[PDB]
Amino acid sequence: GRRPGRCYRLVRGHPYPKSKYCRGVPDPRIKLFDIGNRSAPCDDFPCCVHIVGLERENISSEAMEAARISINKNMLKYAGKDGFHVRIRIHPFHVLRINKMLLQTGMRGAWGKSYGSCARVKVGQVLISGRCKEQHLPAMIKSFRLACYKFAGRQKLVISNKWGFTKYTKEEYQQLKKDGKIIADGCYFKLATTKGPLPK
RNA sequence: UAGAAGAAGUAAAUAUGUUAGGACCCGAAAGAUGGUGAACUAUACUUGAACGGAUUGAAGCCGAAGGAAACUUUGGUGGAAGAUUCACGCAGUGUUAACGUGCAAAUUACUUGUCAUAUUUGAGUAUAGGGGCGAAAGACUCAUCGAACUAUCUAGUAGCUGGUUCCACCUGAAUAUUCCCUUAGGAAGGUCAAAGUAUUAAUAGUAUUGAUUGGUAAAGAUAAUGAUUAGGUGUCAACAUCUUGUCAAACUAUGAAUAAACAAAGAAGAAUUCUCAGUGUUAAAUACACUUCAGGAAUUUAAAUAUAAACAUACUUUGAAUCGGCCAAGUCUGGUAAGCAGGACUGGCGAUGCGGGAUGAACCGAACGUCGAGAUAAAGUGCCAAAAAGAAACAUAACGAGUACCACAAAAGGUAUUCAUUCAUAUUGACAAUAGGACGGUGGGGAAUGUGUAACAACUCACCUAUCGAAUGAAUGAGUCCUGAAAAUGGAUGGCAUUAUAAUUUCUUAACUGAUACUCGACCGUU
RNA sequence: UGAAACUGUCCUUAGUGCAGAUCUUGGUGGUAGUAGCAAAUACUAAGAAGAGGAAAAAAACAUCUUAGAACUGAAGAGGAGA
RNA sequence: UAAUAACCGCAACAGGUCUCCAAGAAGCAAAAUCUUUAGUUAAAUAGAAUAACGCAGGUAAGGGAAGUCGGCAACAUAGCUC
RNA sequence: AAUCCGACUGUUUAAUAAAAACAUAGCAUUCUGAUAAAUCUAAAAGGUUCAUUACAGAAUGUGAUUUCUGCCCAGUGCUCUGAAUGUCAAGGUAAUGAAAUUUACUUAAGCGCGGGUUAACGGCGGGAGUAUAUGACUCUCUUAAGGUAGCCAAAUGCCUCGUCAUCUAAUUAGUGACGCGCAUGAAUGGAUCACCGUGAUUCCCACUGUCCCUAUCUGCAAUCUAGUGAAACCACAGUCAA
RNA sequence: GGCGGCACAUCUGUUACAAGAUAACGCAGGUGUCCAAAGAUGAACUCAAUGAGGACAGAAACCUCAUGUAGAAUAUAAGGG
RNA sequence: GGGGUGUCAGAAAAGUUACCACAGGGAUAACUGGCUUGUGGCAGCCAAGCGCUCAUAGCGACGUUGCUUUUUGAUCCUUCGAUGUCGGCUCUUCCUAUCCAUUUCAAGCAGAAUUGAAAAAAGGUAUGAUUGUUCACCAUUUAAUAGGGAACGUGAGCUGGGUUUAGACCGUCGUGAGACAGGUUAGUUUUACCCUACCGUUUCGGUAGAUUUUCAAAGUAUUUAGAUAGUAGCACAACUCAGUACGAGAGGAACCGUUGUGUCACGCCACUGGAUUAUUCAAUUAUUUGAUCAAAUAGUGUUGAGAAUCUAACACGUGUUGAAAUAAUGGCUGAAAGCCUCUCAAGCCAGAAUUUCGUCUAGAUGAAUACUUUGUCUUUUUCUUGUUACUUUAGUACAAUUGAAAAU
RNA sequence: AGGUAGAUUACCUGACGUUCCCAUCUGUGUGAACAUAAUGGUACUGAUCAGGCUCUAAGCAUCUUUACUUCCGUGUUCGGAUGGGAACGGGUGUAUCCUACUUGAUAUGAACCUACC
RNA sequence: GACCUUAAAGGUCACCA
């Protein structure tokens, strides 16, 4: 017994996180947010696509979990386990409230109980991002379009011109990598700064 | 902290406000006091009246038969019973019949019950209102009873409902705050009116310049408190350390916009010079503080952001109504949501008509003495309906489109159509098509794609030549269209109607139409 | 039309202005020549009296007498009392 | 007068109000029904036509409560002798 | 043919309830020796039962007969033939003081203390083991007493249209059983029914316009006419869709 | 309306909108106290925690050094100091 | 200063009324309606899987987007000087989210029986036991025994079973009066004669442009006419097809044709049946005519037969009926796009219980004919039941140039 | 140059090393008395044998930190305003105001009174 | 659901229409 998704779609009220003032919150459905080869070096996957939300709306924890499973099954079948890395970039930090009514009931004197969790997203906010190789980019986009069928509102797919989750475009990263300003970190990069004490 | 400081009060007639009285008029259910009723009904007593026919057959008594006896069997007689029934009457079970402005303020018809001893009934008599009487229903006590009738207190009280009587003119509101046994109501106070003043240190819902205040929006997240996903490095955890992803109304370093409160020359429009006193601080003071920048005299002087303001400004007194509110939103909180509930700021409706939105308390323009002429506003120009012509496109083979608030439509899908972007082949020959080959080891121009033969075989496909001559193929975005698309009386772009529009989007033309608003003119009134 | 009192100005005074109160009292409409004038068996012919049965059937006619036909049915629609 | 007109109910109100006298038939019966003595034929108007819908009284083929809350209403049994 | 209620005859809410309600006989309890009990009255050589005298008077509950009325006196009543030195008034006594005043001691009922009484108001329990299920048996908690004899989805049972039979083709209805019974139960009377009832309920036979499914007959109206002739109601009025 | 609750006198944070004011039976909590010292003053000292040492002694007894912006304590709810 | 008012600017204060009363209230609940749609109902999009293989024959998880007002909620805008509050009975209409009949497409459709979907709302959709029931559950029958709206349709339409006053009983609660979405039983259902609507039925009025006297117009009468409005026929069974098609077998159809039945609608009185105050004919009980005859009375005494008239769900006839165009769908030719394609292109065909003609009923302005008239014309008076012609006093006009290509 | 008293209260702090001390300051010796504690460690008092070892002060560093500038960026947000577009959700255009975090460059103190050198 | 109590379990309320 779960309410229709249209009941809690619009972003209303101040953010209501789970804290010492909000007790009895059910555990969110989604627990894994990074899937695929989470340890792949920054140079293996140059590609990058995003799911960009075009609506200001609440996204429930169930919708994110359904999309996470949908991409996982489709991407494992297509690009294999060690050929993609998808990171979900929205967390269910906002807790919804439900005023259940049992005619022997109070009419309006009651404040709602905890009902679930949702992520208050806005316009132009990246929802899910993933990086892959050239040979898997068409297979990644296909699984990403199917993921958008589980969200509400309107979503747009963007093929970024930058590297795999970094902030430099593809040629800037390649130039900086060859100079030495980029140092691998297993799954990311560290910037070679010219600050701090000199070595011996 | 009242008073005095060269007295102001008093009397009478009005008006207004408070107060008491019937108290602006009409309105309770109630309470008390004194009387009248048992001709209706209730019960009781006295004295009278009224049982006709059937059914059944208790004691008591007699005959016959049997018996030692006790007694029994049988046939009669008798006529008891708060026994069974019919009738004169009476009641009121049913039709929930008739009637229901009736024959009748409780009756009529049939059916039903009952119809003499706890019976029916006449007259007399007794019991009276916090009383009587009750085989008990709060029943009856003159059509009046969970406390009769009648008159006085009494025009009882009402924070509640209804009504409240001539004209013109001028000004013109309220839902905050405090308290109440307060929440349908009052007093203090705010808003408003009328009277009466003061030459008036007594102007500002504004901007600018200058010095500030604050912690909202935003921002941050090994910056403090918390929440949370991973990845490196050092000594599988774990612990440190370096990055990464995402957050906070009851977290914060930083921190706007809008605002709040100052100053921009009133001991009376500045400044300087000279002289200068009383107290006190001070170690003592000529310093310093206050004393009309104590005081007094000379000289100079109207200067010191902008804008507006003399029917300006400051008011004083008396008093009315009012504190049920409602709507809108580039706002917020609870709620799934509401034409829901409650708030911050402002404008409105209430109190408000006029022109437009077909119609509408709030929407848009604009607020109104009586008129004439013109330019206009919102918005419109196929007809209803006053007013337009031209230009280009995406629409339109459909109850598609058509004046915001507003009276609805979503996700998704389409080798439907228009434009644009990206890539590939684009010719010396791409795609579509016609003709041919599409193979040997290998039962291993693709191990040959599919049809196909048990299978090789045959056909056919990718592919390659021949023929044929200008675009072709793929992806993505932005419009429009179609499906998605189902509700109950017959109907709603307002209707008719339009369809290279009379639809939609944008334009061109010193085009046009139109308000009680603007301008000019005349007249009425207020100041 | 009406046939004996009345008006204009200034002050004064007030039982001073009505469309509403289910207002009070009085009068009057539409409804409307409408709904009705239907329990109790029932009247008819000739004549008399009377203004009061006429008439192209105006089909009905109150009282009294006679005749016909009937009802109450003797716990009466009879004869008498409180 | 003593009441379907003299009393009480607003009245010439189908309500109410205490008594006496009491023929024949038939029958168990003062029952229902008819008649004699007495009373009356008028007791809130009639005439025509013979629609619907009614009020009051009835019947009905075949089936027999299937109707309905429910045999409500109506039908059905009915005296006397053995 | 049965079920429920009331034993019966009787009475009752004039004008929506005629009954299972009231009365009743029977049963039971309480007080009173009459100068009393009950009780009217402002008072009274006043009044009623009472012209009476416990087989009587007055106050109550249950409701014929049969069978039977279980346990509880803690709580609230009622009562005692009962205890004094707990608490208790006006008074009375005594002291100080100039006096009012103040202070101390002593006083009745009542309550408290103790007993009786339930046909006085009333009340009458839980939890766990244990012989394919049930649980005679046992343990344990603590009431004044733990609902006894009986009776039951009842005019009393929420769950519930309880479960099993029977009645029917078909049964939320009826009847017979079962009973951890929300919340039955003993003169607040328990169980039982013979006769009786214009009482409530179910089923058979017979009969039928209740019905299949309506037809038709009569009188009085309604219709039209002569005479006569109201009332309720009425802002103005009277075609629809959106 | 009743039952429930006290939003009825009253404090803190938040809703609350960076002056003041400020709603809901909005949210998270609190009061009817406690104290001859827990009032006044003077002086001395520095807290929580961590690391490293020291017989029994260890994860926790007592002692020492170092780091230690309050991460302790301040009667109480929360916020300030 | 203290003793306190906690309702804290501070009275001294227990209940119940179902026997109830008054001033008021939509400032405020119980019913409809209105906004919302949580909940109830229905419908979509993606595709993890099921479906022996196979995501999509048929389903569709994890998610997600809607519609409806047929449940109950949430609010308190209208009604408190009153909108009669459940169900059933009767009757009409409307919606489609369709149960049957008709036409099609799909299947894991061999046949039969089925399942999913489209056009389509013109026609049908039942009888009973229990319950006041809506709902439900059983037993039947049927082609099917679908779901809903109309002030939760419908009380001056009925009923009064339930709910919901006043009597009474039980159980639990309360010391008591009394309470009980606890049970049981008894309980008055008023008025249309007004306006409109609907159904029938009368009265008066009436349509403008022709002048070939073989003409034109008015009055009366008949014969016709048909803008518009309504609409009607459905369904089943039996024979044959045929034990055939199909299928290994088990089983097992359909088209044409023929013949009946049921219902609905319109009629009808011959045959069959029913009512019957022709109080017809006859009989007969009680009373009264002295008896016989002949009657009367008992509001139609009663019984048997009973013509006429009316009527049958009880008798019996007709609605078997024709053309064209269509919807969903299947196709033809054929581009766009050299090929393909039923056409989100032009152009055609077949295809429904569909639509329109044809047919049936009511019907407006009309037309023809017969007779009476008039021949430039009316107004106002006036006779008649009414109409036309007609009568009187006056005024007015007087034969002669208007107005046509069609199609694209 | 040093010391005492300060004002600004990190440009003044913290970590790592470094430089003099000639005066001054500090550290330094002692415990008899004032005074002090468990302890002459602290605080107290008396003193001058030694020392720049610490303190102090001055400077060093691609130093954490802190303080100004630019940039971030006219990007976030915001005051006013439609019969502007959208079914909503939200987001234009016009006249305007305009942050923050981060990053890069720079700085790591200035200044007042008294005495002594 | 609301109030109370115990070491999840009970107990009382859930009414006028």
# chains A, B, ... in the order shown; residues from 1 in each chain; ligands from 1
>>> interface_residues(of="chain H", to="chain A", cutoff="7 Å", atoms="only C-alpha atoms (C1' of nucleotides)", output="VMD selection string")
chain H and resid 62 to 63 89 to 90
>>> interface_residues(of="chain A", to="chain G", cutoff="9 Å", atoms="only C-alpha atoms (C1' of nucleotides)", output="PyMOL selection string")
chain A and resi 3+5-7+62-67+69-70+73+100-101+103+107-108+146-152
>>> atom_distance(atom1="atom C1' of residue G:126", atom2="atom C1' of residue G:98")
19.2 Å
>>> residues_around(residues="stretch 7-11 of chain H", least_positions_apart="4", cutoff="9 Å", atoms="only C-alpha atoms (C1' of nucleotides)", output="PyMOL selection string")
chain H and resi 65-67+107-112
>>> write_last_selection(atoms="C-alpha atoms (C1' of nucleotides)", output="PDB file, in the first residue's frame")
ATOM      1  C1'   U H  65      46.876  30.322   9.364  1.00  0.00           C
ATOM      2  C1'   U H  66      45.640  35.305   9.203  1.00  0.00           C
ATOM      3  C1'   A H  67      45.057  40.427   6.498  1.00  0.00           C
ATOM      4  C1'   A H 107      52.010  41.297   3.049  1.00  0.00           C
ATOM      5  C1'   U H 108      53.698  38.478   7.999  1.00  0.00           C
ATOM      6  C1'   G H 109      53.171  44.178  11.602  1.00  0.00           C
ATOM      7  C1'   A H 110      52.290  49.612  12.362  1.00  0.00           C
ATOM      8  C1'   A H 111      52.252  52.960  16.350  1.00  0.00           C
ATOM      9  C1'   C H 112      52.334  56.090  21.778  1.00  0.00           C
TER      10        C H 112
END
>>> interface_residues(of="chain I", to="chain A", cutoff="12 Å", atoms="only C-alpha atoms (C1' of nucleotides)", output="ChimeraX atom specification")
/I:1-2,13-15
>>> write_last_selection(atoms="N, CA and C atoms (P, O5', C5', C4', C3', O3' and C1' of nucleotides)", output="PDB file, in the first residue's frame")
ATOM      1  P     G I   1      -4.274   2.400  16.495  1.00  0.00           P
ATOM      2  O5'   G I   1      -4.297   3.923  16.954  1.00  0.00           O
ATOM      3  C5'   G I   1      -4.487   4.969  16.013  1.00  0.00           C
ATOM      4  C4'   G I   1      -5.579   5.902  16.461  1.00  0.00           C
ATOM      5  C3'   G I   1      -5.556   6.273  17.935  1.00  0.00           C
ATOM      6  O3'   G I   1      -4.655   7.330  18.217  1.00  0.00           O
ATOM      7  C1'   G I   1      -7.744   5.630  17.318  1.00  0.00           C
ATOM      8  P     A I   2      -3.667   7.238  19.479  1.00  0.00           P
ATOM      9  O5'   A I   2      -4.170   8.397  20.446  1.00  0.00           O
ATOM     10  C5'   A I   2      -5.299   9.189  20.114  1.00  0.00           C
ATOM     11  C4'   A I   2      -6.226   9.331  21.292  1.00  0.00           C
ATOM     12  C3'   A I   2      -5.612   9.026  22.644  1.00  0.00           C
ATOM     13  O3'   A I   2      -4.868  10.117  23.154  1.00  0.00           O
ATOM     14  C1'   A I   2      -7.718   7.960  22.467  1.00  0.00           C
ATOM     15  P     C I  13     -16.537   0.687  28.400  1.00  0.00           P
ATOM     16  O5'   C I  13     -16.142   2.034  27.645  1.00  0.00           O
ATOM     17  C5'   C I  13     -16.469   3.300  28.196  1.00  0.00           C
ATOM     18  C4'   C I  13     -15.841   4.429  27.416  1.00  0.00           C
ATOM     19  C3'   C I  13     -16.312   4.592  25.983  1.00  0.00           C
ATOM     20  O3'   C I  13     -17.559   5.251  25.880  1.00  0.00           O
ATOM     21  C1'   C I  13     -13.961   4.716  26.045  1.00  0.00           C
ATOM     22  P     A I  14     -18.693   4.674  24.903  1.00  0.00           P
ATOM     23  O5'   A I  14     -18.068   4.844  23.450  1.00  0.00           O
ATOM     24  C5'   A I  14     -17.769   6.134  22.945  1.00  0.00           C
ATOM     25  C4'   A I  14     -17.138   6.068  21.579  1.00  0.00           C
ATOM     26  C3'   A I  14     -17.816   5.169  20.561  1.00  0.00           C
ATOM     27  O3'   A I  14     -18.967   5.755  19.985  1.00  0.00           O
ATOM     28  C1'   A I  14     -15.476   4.850  20.476  1.00  0.00           C
ATOM     29  P     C I  15     -20.138   4.825  19.407  1.00  0.00           P
ATOM     30  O5'   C I  15     -21.471   5.533  19.904  1.00  0.00           O
ATOM     31  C5'   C I  15     -21.917   5.390  21.244  1.00  0.00           C
ATOM     32  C4'   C I  15     -22.421   6.699  21.792  1.00  0.00           C
ATOM     33  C3'   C I  15     -23.349   7.485  20.881  1.00  0.00           C
ATOM     34  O3'   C I  15     -24.685   7.017  20.917  1.00  0.00           O
ATOM     35  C1'   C I  15     -21.706   8.929  21.774  1.00  0.00           C
TER      36        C I  15
END
>>> select_by_dssp(residues="stretch 56-88 of chain A", states="strand (DSSP E)", output="PyMOL selection string")
chain A and resi 57-60+84-88
>>> write_last_selection(atoms="N, CA and C atoms", output="compact mmCIF listing (two decimals), in the first residue's frame")
# COMPACT_ATOMS: atom_id res chain seq x y z
N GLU A 57 11.15 19.06 -9.02
CA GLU A 57 10.21 18.07 -8.52
C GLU A 57 10.89 17.16 -7.51
N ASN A 58 10.07 16.44 -6.76
CA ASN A 58 10.56 15.42 -5.84
C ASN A 58 10.77 14.11 -6.59
N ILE A 59 11.90 13.46 -6.34
CA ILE A 59 12.20 12.15 -6.90
C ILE A 59 12.32 11.17 -5.74
N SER A 60 11.40 10.21 -5.68
CA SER A 60 11.36 9.30 -4.55
C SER A 60 12.55 8.34 -4.59
N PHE A 84 32.20 -0.08 -17.52
CA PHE A 84 31.39 1.09 -17.26
C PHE A 84 31.46 1.45 -15.79
N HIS A 85 31.15 2.72 -15.50
CA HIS A 85 31.09 3.19 -14.12
C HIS A 85 29.99 4.24 -14.04
N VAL A 86 28.89 3.91 -13.38
CA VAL A 86 27.74 4.79 -13.27
C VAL A 86 27.59 5.21 -11.82
N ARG A 87 27.49 6.51 -11.59
CA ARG A 87 27.35 7.07 -10.25
C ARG A 87 26.06 7.87 -10.19
N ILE A 88 25.20 7.54 -9.24
CA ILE A 88 23.96 8.27 -9.04
C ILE A 88 24.25 9.47 -8.15
>>> residues_around(residues="residue B:101", least_positions_apart="4", cutoff="9 Å", atoms="only C-alpha atoms (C1' of nucleotides)", output="PDB file with N, CA, C and O atoms (P, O5', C5', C4', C3', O3' and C1' of nucleotides), in the first residue's frame")
ATOM      1  P     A E 231     -64.345  32.795   1.245  1.00  0.00           P
ATOM      2  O5'   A E 231     -63.287  31.660   1.577  1.00  0.00           O
ATOM      3  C5'   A E 231     -63.243  31.064   2.862  1.00  0.00           C
ATOM      4  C4'   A E 231     -62.401  29.817   2.858  1.00  0.00           C
ATOM      5  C3'   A E 231     -60.922  30.011   2.584  1.00  0.00           C
ATOM      6  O3'   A E 231     -60.198  30.427   3.726  1.00  0.00           O
ATOM      7  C1'   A E 231     -61.736  28.247   1.258  1.00  0.00           C
ATOM      8  P     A E 232     -58.917  31.380   3.564  1.00  0.00           P
ATOM      9  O5'   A E 232     -57.723  30.373   3.264  1.00  0.00           O
ATOM     10  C5'   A E 232     -57.306  29.424   4.232  1.00  0.00           C
ATOM     11  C4'   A E 232     -56.436  28.358   3.616  1.00  0.00           C
ATOM     12  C3'   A E 232     -55.125  28.831   3.013  1.00  0.00           C
ATOM     13  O3'   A E 232     -54.103  28.981   3.982  1.00  0.00           O
ATOM     14  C1'   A E 232     -56.221  27.380   1.498  1.00  0.00           C
TER      15        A E 232
ATOM     16  P     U G 191     -55.144  14.389   1.574  1.00  0.00           P
ATOM     17  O5'   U G 191     -55.097  15.959   1.334  1.00  0.00           O
ATOM     18  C5'   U G 191     -56.253  16.763   1.505  1.00  0.00           C
ATOM     19  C4'   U G 191     -56.030  18.148   0.954  1.00  0.00           C
ATOM     20  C3'   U G 191     -55.712  18.223  -0.531  1.00  0.00           C
ATOM     21  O3'   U G 191     -56.877  18.215  -1.338  1.00  0.00           O
ATOM     22  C1'   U G 191     -54.148  19.517   0.682  1.00  0.00           C
TER      23        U G 191
END
>>> residues_around(residues="residue F:1", least_positions_apart="5", cutoff="10 Å", atoms="only C-alpha atoms (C1' of nucleotides)", output="ChimeraX atom specification")
/G:28-29 /I:16
>>> write_last_selection(atoms="N, CA and C atoms (P, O5', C5', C4', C3', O3' and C1' of nucleotides)", output="PDB file, in the first residue's frame")
ATOM      1  P     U G  28     -19.976  28.223  11.221  1.00  0.00           P
ATOM      2  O5'   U G  28     -19.989  27.092  12.339  1.00  0.00           O
ATOM      3  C5'   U G  28     -19.515  25.780  12.059  1.00  0.00           C
ATOM      4  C4'   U G  28     -20.595  24.743  12.234  1.00  0.00           C
ATOM      5  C3'   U G  28     -21.727  24.804  11.211  1.00  0.00           C
ATOM      6  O3'   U G  28     -22.205  23.487  10.957  1.00  0.00           O
ATOM      7  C1'   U G  28     -22.608  25.104  13.376  1.00  0.00           C
ATOM      8  P     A G  29     -21.890  22.774   9.557  1.00  0.00           P
ATOM      9  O5'   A G  29     -22.007  21.225   9.879  1.00  0.00           O
ATOM     10  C5'   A G  29     -20.945  20.526  10.507  1.00  0.00           C
ATOM     11  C4'   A G  29     -21.467  19.362  11.307  1.00  0.00           C
ATOM     12  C3'   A G  29     -22.420  18.433  10.575  1.00  0.00           C
ATOM     13  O3'   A G  29     -21.765  17.477   9.768  1.00  0.00           O
ATOM     14  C1'   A G  29     -23.334  18.996  12.665  1.00  0.00           C
TER      15        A G  29
ATOM     16  P     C I  16     -25.657   7.276  19.667  1.00  0.00           P
ATOM     17  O5'   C I  16     -25.991   8.824  19.772  1.00  0.00           O
ATOM     18  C5'   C I  16     -26.959   9.303  20.690  1.00  0.00           C
ATOM     19  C4'   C I  16     -27.415  10.683  20.303  1.00  0.00           C
ATOM     20  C3'   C I  16     -27.909  10.828  18.874  1.00  0.00           C
ATOM     21  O3'   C I  16     -29.272  10.464  18.727  1.00  0.00           O
ATOM     22  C1'   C I  16     -26.358  12.552  19.361  1.00  0.00           C
TER      23        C I  16
END
>>> interface_residues(of="chain A", to="chain F", cutoff="10 Å", atoms="only C-alpha atoms (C1' of nucleotides)", output="list in words")
residues 14, 20, 21, 22, 108, 109, 110 and 111 of chain A
>>> residues_around(residues="stretch 21-29 of chain C", least_positions_apart="5", cutoff="12 Å", atoms="only C-alpha atoms (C1' of nucleotides)", output="list in words")
residues 25, 26, 27, 161, 162, 163 and 164 of chain B; 234 of chain E; 81 of chain G
>>> residues_around(residues="stretch 2-19 of chain D", least_positions_apart="3", cutoff="8 Å", atoms="only C-alpha atoms (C1' of nucleotides)", output="list in words")
residues 103, 104, 107, 108 and 122 of chain B; 39, 40, 81 and 82 of chain C; 43 of chain D
>>> write_last_selection(atoms="C-alpha atoms (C1' of nucleotides)", output="PDB file, in the first residue's frame")
ATOM      1  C1'   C B 103     -71.396  14.239   9.501  1.00  0.00           C
ATOM      2  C1'   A B 104     -67.481  14.993  13.438  1.00  0.00           C
ATOM      3  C1'   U B 107     -66.771  10.573  13.405  1.00  0.00           C
ATOM      4  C1'   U B 108     -68.636   6.535   9.702  1.00  0.00           C
ATOM      5  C1'   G B 122     -78.849   7.853  36.969  1.00  0.00           C
TER       6        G B 122
ATOM      7  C1'   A C  39     -75.062   8.461   4.370  1.00  0.00           C
ATOM      8  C1'   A C  40     -80.552   7.813   6.520  1.00  0.00           C
ATOM      9  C1'   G C  81     -91.696  11.086  31.560  1.00  0.00           C
ATOM     10  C1'   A C  82     -86.620  12.883  34.674  1.00  0.00           C
TER      11        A C  82
ATOM     12  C1'   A D  43     -85.417  14.993   6.420  1.00  0.00           C
TER      13        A D  43
END
>>> select_by_dssp(residues="stretch 58-198 of chain A", states="helix (DSSP H, G or I)", output="PyMOL selection string")
chain A and resi 61-79+81-83+134-150+170-179
>>> interface_residues(of="chain B", to="chain A", cutoff="8 Å", atoms="only C-alpha atoms (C1' of nucleotides)", output="PyMOL selection string")
chain B and resi 229-232+243-250+333-336
>>> closest_atom_pairs(of="stretch 13-48 of chain C", to="stretch 62-79 of chain C", cutoff="12 Å", atoms="only C-alpha atoms (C1' of nucleotides)", output="tab-separated table")
residue	atom	partner	partner_atom	distance
C:40	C1'	C:77	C1'	9.9
C:41	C1'	C:71	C1'	7.6
C:42	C1'	C:70	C1'	6.9
C:43	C1'	C:69	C1'	7.8
C:44	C1'	C:68	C1'	7.7
C:45	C1'	C:67	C1'	8.3
C:46	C1'	C:66	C1'	8.3
C:47	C1'	C:65	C1'	8.1
C:48	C1'	C:64	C1'	7.8
